[PDB]
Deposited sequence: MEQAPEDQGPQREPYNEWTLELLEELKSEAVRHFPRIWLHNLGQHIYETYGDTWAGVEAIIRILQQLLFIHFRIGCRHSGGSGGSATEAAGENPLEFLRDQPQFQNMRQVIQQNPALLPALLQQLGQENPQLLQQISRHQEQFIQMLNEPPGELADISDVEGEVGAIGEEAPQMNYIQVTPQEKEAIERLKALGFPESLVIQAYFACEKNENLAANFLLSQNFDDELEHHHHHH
């Protein structure tokens, strides 16, 4: 049961990278909403770890305004390539991250569960919705954001249409 004490040992590191690439405001809400959803229960802080990672991935595509089943990634061109472009212009991610999941679906599933470890290298030397929730997702799109960028955020903010709003406007830029 590491999620108890351990989660604090790893999390602290997960925030160091996220909190640094994440908007203070959002980080203030995510913990506020996610705190009111589950409450004080440990499940809340537990979902914050997973929601934090999946969020980092987006921070890449959107554009970083700042500055192991994945370790083998180095054996892939997309890494050395996407990393050569992404680091130069994360704006080329949306199109890349797509070609990555279309070619290597096994890795795409990992890179998502290993953002930090996936970023450090990328920053250093080498659905489930319905007609009731949907209307809530696209609601953020009209804000001037891709249709997919919403499906992710919405689910990234715990389906919190109130949170995503800030997550979209606080996603850099």
Exercise. Which residue ranges of the deposited sequence are not present in the modelled coordinates?
Worked result: 1-12, 80-92, 152-176, 224-234
